[PDB]
Each structure stands twice: as C-alpha cells, then as structure tokens.
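This is coords17.csv. It holds CSV, C-alpha atoms.
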chain,number,residue,atom,x,y,z
A,1154,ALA,CA,-89.1,16.8,81.0
A,1155,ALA,CA,-89.4,13.0,80.6
A,1156,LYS,CA,-88.7,12.6,84.4
A,1157,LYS,CA,-91.8,14.6,85.3
A,1158,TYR,CA,-93.6,13.0,82.2
A,1159,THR,CA,-93.1,9.5,83.8
A,1160,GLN,CA,-94.7,11.3,86.8
A,1161,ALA,CA,-98.0,11.5,85.0
A,1162,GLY,CA,-97.0,14.3,82.6
A,1163,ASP,CA,-99.4,12.9,79.9
A,1164,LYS,CA,-98.5,11.5,76.5
A,1165,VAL,CA,-98.7,11.8,72.7
A,1166,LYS,CA,-97.9,15.5,72.7
A,1167,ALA,CA,-95.3,15.0,75.4
A,1168,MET,CA,-92.6,14.0,72.9
A,1169,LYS,CA,-93.8,15.8,69.7
A,1170,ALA,CA,-91.8,18.9,70.8
A,1171,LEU,CA,-88.8,16.8,72.1
A,1172,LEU,CA,-87.4,15.7,68.7
A,1173,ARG,CA,-85.3,18.7,67.6
A,1174,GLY,CA,-81.5,18.1,67.8
A,1175,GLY,CA,-78.8,17.5,70.3
A,1176,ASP,CA,-77.2,14.5,71.9
A,1177,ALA,CA,-80.1,13.0,73.9
A,1178,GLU,CA,-80.6,9.3,74.6
A,1179,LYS,CA,-83.7,9.0,76.7
A,1180,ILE,CA,-86.0,9.8,73.9
A,1181,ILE,CA,-85.4,6.1,73.3
A,1182,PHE,CA,-86.8,5.4,76.7
A,1183,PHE,CA,-90.1,7.2,76.5
A,1184,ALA,CA,-90.6,5.8,72.9
A,1185,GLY,CA,-90.1,2.3,74.4
A,1186,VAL,CA,-92.4,2.9,77.4
A,1187,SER,CA,-95.1,4.9,75.5
A,1188,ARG,CA,-95.6,2.2,72.8
A,1189,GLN,CA,-96.6,4.8,70.3
A,1190,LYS,CA,-95.5,4.4,66.7
A,1191,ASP,CA,-94.9,8.1,66.1
A,1192,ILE,CA,-92.7,8.4,69.2
A,1193,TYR,CA,-90.8,5.3,67.9
A,1194,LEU,CA,-90.1,6.9,64.6
A,1195,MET,CA,-89.1,10.3,65.9
A,1196,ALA,CA,-86.8,8.8,68.6
A,1197,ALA,CA,-85.1,6.6,66.0
A,1198,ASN,CA,-84.8,9.4,63.5
A,1199,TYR,CA,-83.4,11.7,66.2
A,1200,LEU,CA,-80.2,9.8,66.9
A,1201,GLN,CA,-78.9,10.4,63.3
A,1202,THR,CA,-78.5,14.0,64.4
A,1203,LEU,CA,-76.3,13.2,67.4
A,1204,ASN,CA,-72.6,13.9,67.6
A,1205,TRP,CA,-70.6,11.8,70.1
A,1206,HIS,CA,-67.7,9.4,70.1
A,1207,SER,CA,-68.9,6.4,72.1
A,1208,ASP,CA,-72.0,4.2,73.0
A,1209,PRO,CA,-72.6,2.1,69.9
A,1210,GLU,CA,-75.5,0.2,71.4
A,1211,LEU,CA,-77.9,2.5,69.5
A,1212,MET,CA,-76.9,0.4,66.4
A,1213,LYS,CA,-78.8,-2.6,67.7
A,1214,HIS,CA,-81.4,-0.6,69.5
A,1215,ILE,CA,-82.6,1.4,66.5
A,1216,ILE,CA,-82.3,-2.0,64.7
A,1217,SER,CA,-84.9,-3.1,67.3
A,1218,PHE,CA,-87.2,-0.1,66.7
A,1219,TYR,CA,-86.9,-0.5,62.9
A,1220,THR,CA,-87.7,-4.2,63.2
A,1221,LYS,CA,-90.8,-3.1,65.1
A,1222,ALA,CA,-91.5,-0.4,62.5
A,1223,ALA,CA,-90.2,-2.0,59.3
A,1224,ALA,CA,-88.3,1.1,58.0
A,1225,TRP,CA,-84.6,0.2,57.3
A,1226,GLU,CA,-84.0,3.5,55.5
A,1227,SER,CA,-83.4,5.6,58.6
A,1228,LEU,CA,-81.8,2.5,60.1
A,1229,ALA,CA,-79.1,2.8,57.4
A,1230,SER,CA,-79.1,6.6,58.1
A,1231,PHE,CA,-78.1,5.9,61.7
A,1232,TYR,CA,-75.8,3.2,60.5
A,1233,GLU,CA,-73.9,5.8,58.6
A,1234,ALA,CA,-74.2,8.5,61.3
A,1235,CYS,CA,-73.1,6.2,64.2
A,1236,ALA,CA,-70.3,4.5,62.3
A,1237,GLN,CA,-69.1,8.0,61.3
A,1238,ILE,CA,-69.1,9.5,64.8
A,1239,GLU,CA,-68.2,6.2,66.4
A,1240,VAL,CA,-64.6,6.0,65.1
A,1241,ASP,CA,-63.9,9.4,66.7
A,1242,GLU,CA,-62.4,7.7,69.8
A,1243,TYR,CA,-63.0,4.1,68.8
A,1244,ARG,CA,-59.8,4.2,66.8
A,1245,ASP,CA,-61.0,1.4,64.5
A,1246,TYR,CA,-62.8,2.0,61.2
A,1247,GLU,CA,-63.1,-1.6,60.2
A,1248,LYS,CA,-66.3,-1.9,62.3
A,1249,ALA,CA,-67.5,1.4,60.9
A,1250,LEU,CA,-66.9,0.2,57.3
A,1251,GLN,CA,-68.8,-3.0,58.2
A,1252,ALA,CA,-71.6,-0.7,59.4
A,1253,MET,CA,-71.6,1.1,56.0
A,1254,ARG,CA,-71.8,-2.3,54.4
A,1255,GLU,CA,-74.8,-3.0,56.7
A,1256,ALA,CA,-76.2,0.4,55.6
A,1257,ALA,CA,-76.1,-0.7,52.0
A,1258,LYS,CA,-77.5,-4.1,53.0
A,1259,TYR,CA,-80.4,-2.5,54.8
A,1260,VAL,CA,-81.1,0.0,52.0
A,1261,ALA,CA,-81.4,-3.2,49.9
A,1262,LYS,CA,-83.7,-4.4,52.7
A,1263,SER,CA,-85.4,-1.1,52.7
A,1264,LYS,CA,-88.7,-0.6,50.8
A,1265,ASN,CA,-89.6,3.1,51.3
A,1266,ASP,CA,-88.3,6.0,49.1
A,1267,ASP,CA,-86.4,7.4,52.1
A,1268,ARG,CA,-83.7,4.9,51.1
A,1269,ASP,CA,-83.1,7.1,48.1
A,1270,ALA,CA,-82.0,9.9,50.4
A,1271,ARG,CA,-80.0,7.2,52.3
A,1272,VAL,CA,-78.2,6.5,49.1
A,1273,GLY,CA,-77.8,10.2,48.7
A,1274,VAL,CA,-75.9,10.1,51.9
A,1275,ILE,CA,-74.1,6.8,51.0
A,1276,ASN,CA,-72.6,8.0,47.7
A,1277,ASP,CA,-70.8,10.7,49.6
A,1278,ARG,CA,-69.9,8.7,52.7
A,1279,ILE,CA,-68.7,5.4,51.3
A,1280,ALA,CA,-66.6,7.3,48.7
A,1281,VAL,CA,-64.6,8.7,51.6
A,1282,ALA,CA,-64.9,5.5,53.6
A,1283,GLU,CA,-62.4,3.6,51.4
A,1284,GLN,CA,-60.0,6.5,51.7
A,1285,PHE,CA,-60.9,7.2,55.4
A,1286,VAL,CA,-60.1,3.5,56.2
A,1287,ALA,CA,-56.8,4.3,54.6
A,1288,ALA,CA,-56.8,7.3,56.9
A,1289,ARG,CA,-57.5,5.0,59.9
A,1290,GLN,CA,-55.6,1.8,59.1
A,1291,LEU,CA,-52.6,4.0,58.2
A,1292,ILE,CA,-53.2,6.5,61.0
A,1293,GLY,CA,-50.0,5.3,62.6
A,1294,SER,CA,-48.0,5.5,59.3
A,1295,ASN,CA,-49.6,7.8,56.7
A,1296,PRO,CA,-50.4,11.3,58.1
A,1297,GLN,CA,-50.8,13.0,54.8
A,1298,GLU,CA,-53.5,10.6,53.6
A,1299,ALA,CA,-55.6,11.2,56.7
A,1300,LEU,CA,-54.9,15.0,56.6
A,1301,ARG,CA,-55.9,15.4,52.9
A,1302,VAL,CA,-59.0,13.1,53.5
A,1303,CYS,CA,-60.1,15.4,56.3
A,1304,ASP,CA,-59.2,18.5,54.2
A,1305,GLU,CA,-61.3,17.4,51.2
A,1306,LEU,CA,-64.1,16.6,53.7
A,1307,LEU,CA,-63.8,20.1,55.2
A,1308,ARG,CA,-63.9,21.5,51.7
A,1309,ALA,CA,-67.1,19.6,50.5
A,1310,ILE,CA,-69.8,20.9,53.0
A,1311,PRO,CA,-69.1,24.6,52.3
A,1312,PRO,CA,-70.5,23.8,48.8
A,1313,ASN,CA,-74.2,23.7,48.3
A,1314,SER,CA,-74.5,20.0,49.5
A,1315,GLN,CA,-75.2,19.3,53.1
A,1316,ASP,CA,-73.0,17.3,55.5
A,1317,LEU,CA,-75.0,14.2,54.5
A,1318,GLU,CA,-74.6,15.1,50.8
A,1319,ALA,CA,-71.0,16.1,50.8
A,1320,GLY,CA,-69.2,13.2,52.6
A,1321,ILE,CA,-68.9,11.6,56.0
A,1322,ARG,CA,-69.9,13.9,58.8
A,1323,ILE,CA,-67.4,16.0,60.8
A,1324,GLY,CA,-67.3,13.7,63.8
A,1325,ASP,CA,-64.0,12.2,62.6
A,1326,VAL,CA,-62.9,14.8,60.2
A,1327,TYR,CA,-62.0,16.7,63.4
A,1328,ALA,CA,-61.3,13.7,65.6
A,1329,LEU,CA,-58.8,12.1,63.2
A,1330,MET,CA,-57.4,15.5,62.4
A,1331,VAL,CA,-56.3,15.8,66.0
A,1332,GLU,CA,-55.1,12.2,66.0
A,1333,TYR,CA,-52.4,12.3,63.3
A,1334,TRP,CA,-51.1,15.6,64.7
A,1335,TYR,CA,-50.0,13.9,67.9
A,1336,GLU,CA,-49.8,10.2,66.8
A,1337,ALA,CA,-48.6,10.0,63.2
A,1338,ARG,CA,-45.0,11.1,62.3
A,1339,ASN,CA,-44.5,12.6,65.8
A,1340,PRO,CA,-45.8,10.5,68.7
A,1341,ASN,CA,-43.2,12.3,70.9
A,1342,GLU,CA,-44.7,15.7,70.3
A,1343,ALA,CA,-45.9,16.8,73.8
A,1344,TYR,CA,-46.7,20.3,72.7
A,1345,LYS,CA,-49.0,19.0,70.0
A,1346,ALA,CA,-51.2,17.6,72.8
A,1347,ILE,CA,-51.7,21.1,74.0
A,1348,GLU,CA,-52.3,21.9,70.4
A,1349,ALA,CA,-54.7,18.9,70.4
A,1350,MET,CA,-56.4,20.1,73.6
A,1351,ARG,CA,-56.5,23.7,72.3
A,1352,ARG,CA,-58.0,22.4,69.1
A,1353,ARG,CA,-60.3,20.3,71.3
A,1354,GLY,CA,-61.1,23.5,73.2

Structure rendered as structure tokens:
Amino acid sequence: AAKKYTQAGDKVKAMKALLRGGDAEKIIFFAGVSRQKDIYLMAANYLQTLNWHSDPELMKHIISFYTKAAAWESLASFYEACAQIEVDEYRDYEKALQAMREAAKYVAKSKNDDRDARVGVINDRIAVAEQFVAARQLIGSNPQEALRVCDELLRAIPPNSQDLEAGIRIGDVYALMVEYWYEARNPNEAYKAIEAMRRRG
C-alpha cells in the first residue's frame, strides 16, 4: 500500500484506513514523509498495539513524534507497551522498569486527559513490574515467583478489565513463562525446549 502510495498514491485518506492493529512499522515512515498531524498521531498511537520482542528504537522515535505533537500520554502508553513486550527476548527488565519510570515521568509531563487512561494502565502494570522484576532478576534462581506472577497476570484479563487495565500485557507473561521452564531449576532439560518450542508453536 505505502509502496504504491509513495508512487503517487495520494495522501490524507491514504493512511486513515491503515491504523487498525498488527505489527507494522512503516506507518511511521509515511507519517514522517507526509508531514500531517493526524497521520503523526495515528502512527504513534498504532505502535502501542504491536506485539514483538525486539527493536526498541520506537521508544525514541515516538518520543520524537510526541515532541513534535506535545502529547506525552500516548508516549507513556507506548513506554509501557514497548517496555512490556521488549523484555520478551531482551532478558533484562531493568531497562523496562526505567521505561515505566519514564512513563510516570511523562504522564507528569503530560497535559491532556489521556494521561488518566495512561495511569489506568500504569496502576495495573507497575504493580506487577516490581514483582515481574523479581520474576526477571530472579529468573535464574526463583522459578515459582515468575510462574505465579505470570499466572496472576493470566488470571487478571479474563475478568472485566482489559489487558491494559488488568496488568502488564501478555508479551512476557508468555515469554517469561517459557523461560523459567527451560532456564530456572532445570537448565539441563532438553525436552523442555521441545516443550518450549511446542508452547512457542
């Protein structure tokens, strides 16, 4: 779509139907080249809905869009989202905890009322973050802490609250769940890797 859109596919309405959900990253690129405010906001809001385990440059790049747009609320939203789904294979939650600290800092920097919904995500995510950092700092020594953190996360979204309103998202509730099965209390469990791969697939 955007490939043929850069080939004179026209504008404004070119990306109003490309928000949706998924794991796309070039909605950034057309927001940057189109220089339209609405495309900027939708591209920056879109990346909260992604689910990956890598590429944390969107931290600073949505920081750029929300310096150009002066809305740190969804910046803190993506802080939470990307720090949550970053530690999936980053294997370090200290940076993610610093990113939740930056989420609180930018909510304090925020001025719109969207920061209230951002705190509605924060009160569920930072509550698990101090026990998920105990799930990640002690992922080599404390399997039960990480297992029960992931279990109470998995038993919070089936209630009426959404994934934003129940805890941290299920990027690392799964990814750490695989991790302590093969790493913690049994690093030499080769058939857990084919459990880990069969739970991966």

Pairwise distance for atom CA of residue A:1320 and atom CA of residue A:1278, rounded to one decimal in Å: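 Computing the Euclidean distance for atom CA of residue A:1320 and atom CA of residue A:1278 yields 4.6 Å.
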
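Here the question is which of A:1347, A:1168, A:1337, A:1282 gets nearest to residue A:1295 using only C-alpha atoms, and that residue is A:1337.
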
Give me, please, the distance in Å between atom CA of residue A:1180 and atom CA of residue A:1232, quoted to one decimal.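 Separation between atom CA of residue A:1180 and atom CA of residue A:1232: 18.1 Å.
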
Selection near stretch 1233-1242 of chain A, 7 Å with all atoms listed in the file, sequence-local residues under 3 positions removed, as a PyMOL selection string: chain A and resi 1201+1204-1207+1209+1229-1230+1245-1246+1249+1252-1253+1256+1321-1322+1324-1325+1328-1329

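Distance-wise, atom CA of residue A:1154 and atom CA of residue A:1199 end up 16.7 Å apart.
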
Contact residues around residue A:1332 with only C-alpha atoms at 12 Å, ignoring same-chain residues under 2 positions, as a compact mmCIF listing (two decimals) with C-alpha atoms, in the coordinates of the input:
# COMPACT_ATOMS: atom_id res chain seq x y z
CA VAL A 1240 -64.60 6.00 65.10
CA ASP A 1241 -63.90 9.40 66.70
CA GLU A 1242 -62.40 7.70 69.80
CA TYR A 1243 -63.00 4.10 68.80
CA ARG A 1244 -59.80 4.20 66.80
CA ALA A 1288 -56.80 7.30 56.90
CA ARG A 1289 -57.50 5.00 59.90
CA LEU A 1291 -52.60 4.00 58.20
CA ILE A 1292 -53.20 6.50 61.00
CA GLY A 1293 -50.00 5.30 62.60
CA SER A 1294 -48.00 5.50 59.30
CA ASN A 1295 -49.60 7.80 56.70
CA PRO A 1296 -50.40 11.30 58.10
CA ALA A 1299 -55.60 11.20 56.70
CA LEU A 1300 -54.90 15.00 56.60
CA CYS A 1303 -60.10 15.40 56.30
CA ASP A 1325 -64.00 12.20 62.60
CA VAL A 1326 -62.90 14.80 60.20
CA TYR A 1327 -62.00 16.70 63.40
CA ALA A 1328 -61.30 13.70 65.60
CA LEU A 1329 -58.80 12.10 63.20
CA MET A 1330 -57.40 15.50 62.40
CA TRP A 1334 -51.10 15.60 64.70
CA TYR A 1335 -50.00 13.90 67.90
CA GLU A 1336 -49.80 10.20 66.80
CA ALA A 1337 -48.60 10.00 63.20
CA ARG A 1338 -45.00 11.10 62.30
CA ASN A 1339 -44.50 12.60 65.80
CA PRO A 1340 -45.80 10.50 68.70
CA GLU A 1342 -44.70 15.70 70.30
CA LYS A 1345 -49.00 19.00 70.00
CA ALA A 1346 -51.20 17.60 72.80
CA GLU A 1348 -52.30 21.90 70.40
CA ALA A 1349 -54.70 18.90 70.40
CA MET A 1350 -56.40 20.10 73.60
CA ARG A 1352 -58.00 22.40 69.10
CA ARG A 1353 -60.30 20.30 71.30

Of the candidates A:1279, A:1221, A:1343, A:1251, which shows the shortest atom-to-atom distance to residue A:1190, using all atoms listed in the file?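 Using all atoms listed in the file, the shortest distance to residue A:1190 belongs to A:1221.
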
Contacts of residue A:1171 at 12 Å or less, counting all atoms listed in the file, minus same-chain residues fewer than 2 places along, as a ChimeraX atom specification? /A:1154-1155,1158,1164-1169,1173-1181,1183-1184,1192,1195-1196,1199

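Comparing the minimum interatomic distances between residue A:1262 and each of A:1228, A:1287, A:1281, A:1275, counting only C-alpha atoms, we find that A:1228 sits nearest.
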
Which residues, protein or nucleic acid, reach to within 10 Å of (-84.6, 4.7, 59.2) in the file's coordinates when using only C-alpha atoms, and can you give that as a compact mmCIF listing (two decimals) with C-alpha atoms, in the coordinates of the input?
# COMPACT_ATOMS: atom_id res chain seq x y z
CA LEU A 1194 -90.10 6.90 64.60
CA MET A 1195 -89.10 10.30 65.90
CA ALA A 1197 -85.10 6.60 66.00
CA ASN A 1198 -84.80 9.40 63.50
CA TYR A 1199 -83.40 11.70 66.20
CA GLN A 1201 -78.90 10.40 63.30
CA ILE A 1215 -82.60 1.40 66.50
CA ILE A 1216 -82.30 -2.00 64.70
CA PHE A 1218 -87.20 -0.10 66.70
CA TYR A 1219 -86.90 -0.50 62.90
CA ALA A 1222 -91.50 -0.40 62.50
CA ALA A 1223 -90.20 -2.00 59.30
CA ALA A 1224 -88.30 1.10 58.00
CA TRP A 1225 -84.60 0.20 57.30
CA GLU A 1226 -84.00 3.50 55.50
CA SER A 1227 -83.40 5.60 58.60
CA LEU A 1228 -81.80 2.50 60.10
CA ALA A 1229 -79.10 2.80 57.40
CA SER A 1230 -79.10 6.60 58.10
CA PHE A 1231 -78.10 5.90 61.70
CA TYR A 1232 -75.80 3.20 60.50
CA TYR A 1259 -80.40 -2.50 54.80
CA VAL A 1260 -81.10 0.00 52.00
CA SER A 1263 -85.40 -1.10 52.70
CA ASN A 1265 -89.60 3.10 51.30
CA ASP A 1267 -86.40 7.40 52.10
CA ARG A 1268 -83.70 4.90 51.10
CA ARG A 1271 -80.00 7.20 52.30
